[PDB]
Structure formats: C-alpha cells, structure tokens
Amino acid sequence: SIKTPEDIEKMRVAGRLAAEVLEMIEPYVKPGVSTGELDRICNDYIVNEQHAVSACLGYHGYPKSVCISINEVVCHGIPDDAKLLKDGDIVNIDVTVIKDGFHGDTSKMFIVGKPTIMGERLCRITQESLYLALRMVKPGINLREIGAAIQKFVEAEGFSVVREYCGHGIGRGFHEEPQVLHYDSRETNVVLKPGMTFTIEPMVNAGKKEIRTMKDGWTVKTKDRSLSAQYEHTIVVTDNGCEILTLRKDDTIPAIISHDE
C-alpha cells in the first residue's frame, strides 16, 4: 500500500525506537552474557522506557521479545538463559517495535570478543549488500532488479544468499505486501512507487545457500553449518529515492538517499 505523510511520520518514530534498542543493547553483547538476558534488557527498555511493545512476542506463538541468532543460525533464534556468548561469535539481534500502531523492524550483527577474519568479512559483505540495495531504491526501480543486484554482489564476493526468507512491506502490519526477495526471481515484478514502506534484510551464508529449520519451528540454520549473517533496515520510498527509518549512529550511510542533482 501507499502510506500517507501521517503514516510515514509514525513509522519514523517506530523505526527510530527500534534502532535505539540496538544502540542501547550494544555494550551488553559481551562474552559470558546469555541471550536470555539480552532479551530481557531489550524488552524492559522497549516497555518501560520507550513505552512501546515488541511485535515479536506472541506472533504466531513466538515466545520472546527479540530474535537473537548466533553463528550458523540464519534467523529467528530464540533467546535462552542457558546460551552464553563466547569469543568469536557473530550475533544478530533482530528488533521489531510497535509504537502508535506502526512497526519498526531492524537488525544488525555484533561480533563477540576477538573477531575471526572470516566472521568480520561475512558481516562486512552482508551489510554492504544491504547498503547497495538501499542506494538503488527509488520510484521506477523493480524489486526484481534490487534482488538481482544483492545476489550478484554477494556471489561475486564468494558468499551465498538465503532464498526462503525475505524482506517485506511493513506498516500497521508486521508483514505486508510486497515480498522483498534478496535474489533474482522470475516471480518478482514490482515497480516501486513513492509512499511504499518495506524492509530489506539479506541473510548471507559463508558456505552454501541451503537452510534447515529446527524442531521449535523458528530456529533456522545453514544446512552445511557455515556462518550466516544478516542486517535489516526499514525504509520508505520517496519521490526520488528512499529514507531509512531505522538508521543508527554506527551506520555509514545517510538516512536520506536522494537521486536528484
């Protein structure tokens, strides 16, 4: 759908809150901390300080407030008091906040303690693939072209793109049309128009693209157990580009990307 200026302003607020959760949790992602504790810190912040709520809790039965995925886990990892972070781990924390009826969805990678060279490379390439897609967003571009670009870059850098999960429209609804694939698919044909709001959240594996879902129905891992990384941002298509609604201080790309001269 096409969001109104009123809707977009509310999404700026929700997106900003989601981003602030990631900025707040940063110092706590240390060796020895449990993912269960990280989840409580995030939830307490969202509820008590932001006066908002997690869109994850209860969604199709999801049991926690945020998703925390470690190493070979591709996405939707479930916070657990018994799971402790250790040196070398690459960790994704995915946050989705609802404020004033609108959603803000974002995630980033954190490397615990001493980074491994391939771990850093995978995360760097993954974020760059997101940035590349963000710089392409503007009315007239087709989602298929964006997906194709992400895939071309990821594969050119020696990695693979997860196919089963994708970005999505977002607003008063957690997931709305359209589907935002991170690869080139014949199924995709969506010409971007100003007012559209959606997420881009590429999942990149160091090894092969195939994944597997655990018995809990949420935890997704790489079939070959290789590392997997992901970064996500929520955006709105503007008259001549896009505006990132979940930008953080550590992002190295501006919030407004205009293609004007």
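All residue numbers refer to positions in the sequence shown, first residue = 1. Rigid core: the largest C-alpha set superposing within 1.5 Å between the two forms.
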Legend entry - RMS CA shift, core-fitted in 9 other deposited structures of this protein, bigger for 191 to 199 or for 210 to 218: 210 to 218
Inset, instruction - Decide which of the stretches 203 to 211 and 48 to 56 has the higher mean C-alpha B-factor, going by the entry. - result: 48 to 56
Inset, instruction - Determine, for stretches 124 to 132 and 179 to 187, which one has the higher mean CA B-factor as deposited. - result: 179 to 187
Inset, instruction - Going by the CA temperature factor in the entry, name the top one among 92, 151, 106, 116. - result: 116
Inset, instruction - Would you mind checking which of 253, 17, 244, 25 has the top Cα temperature factor in the PDB entry? - result: 253
Inset, instruction - Ordered by C-alpha B-factor within the chain, which third holds residue 140? Give me lowest, middle or highest, please. - result: highest
Inset, instruction - Consider only the C-alpha atoms of the modelled residues in this chain, order them by B-factor as the entry records it, and name the third containing residue 80: lowest, middle or highest. - result: highest
Inset, instruction - Would you mind checking where the Cα B-factor of residue 167 ranks among the modelled residues of its chain, as the lowest, middle or highest third? - result: middle
Inset, instruction - Place residue 147 in the lowest, middle or highest third of its chain's C-alpha B-factors, as listed in the PDB entry. - result: middle
Legend entry - CA B-factor ranking of residue 157, expressed as a third of its chain: middle
